[PDB]
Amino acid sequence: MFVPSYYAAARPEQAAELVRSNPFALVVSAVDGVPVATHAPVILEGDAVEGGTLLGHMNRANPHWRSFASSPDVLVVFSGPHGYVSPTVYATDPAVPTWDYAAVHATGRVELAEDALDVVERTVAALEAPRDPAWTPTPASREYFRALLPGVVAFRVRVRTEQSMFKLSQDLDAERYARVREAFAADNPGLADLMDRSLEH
């Protein structure tokens, strides 16, 4: 990822806010020099992505984690709202399309997590906390968790570098910007809100 100045994060907290809001991540590593990716829920431990620690888990029958000793460098991609910008919206002639999106790339070294149970239980707490009502695992479900544990592999990423893209049409003049925002306000309200958050002082 390359981040133009106009699409940099405005506030430092924005990257961590994106990570916490979009936990279903892509875990990417080099298995024998070839990239391999797994879609998995990953949560953030700490106030900031960079220097922070990510926790996740995957299927033990998924062979991706078997590379985590040999190929410890990993990339985790967190994806926020995104949407196509059609020149139809701009209402200008000569025009070119683009795609607006927010994403955070966290690169660090991966390691296997011994306490898999803690990882998945904290993942439950994090995803249920914003829902109403929240699901609280019963004692029977916690017993079920223990029984499922041989089938999971938990892992930790110590994040060395964090890269954040907030490509939200910030470079546009007011007329073309208003039209992009209005078009997303109807189709893609989550993107519209991110646009609004990107202009804050």
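So that there is no doubt, residue numbering starts at 1 and follows the sequence shown.
Remark: stretch with higher mean C-alpha B factor among 58-66 and 42-50 is 42-50. Of the two segments, 21-29 and 182-190, the one listed with the higher mean B-factor is 182-190 (C-alpha atoms only).
Among 36, 134, 174, 165, the highest C-alpha B-factor in the deposited entry belongs to 134. When the CA B factors of the chain's modelled residues are split into thirds, the value for residue 96 lands in the lowest one. Residue 112 sits in the highest third of its chain by CA B factor, as recorded in the PDB entry. Sort the chain's modelled residues by C-alpha temperature factor and residue 71 lands in the highest third, per the entry. In the PDB entry, a CA B factor belonging to the lowest third of its chain's modelled residues is recorded for residue 77.
Ranked by C-alpha B-factor against the other modelled residues of its chain, residue 102 falls in the lowest third.
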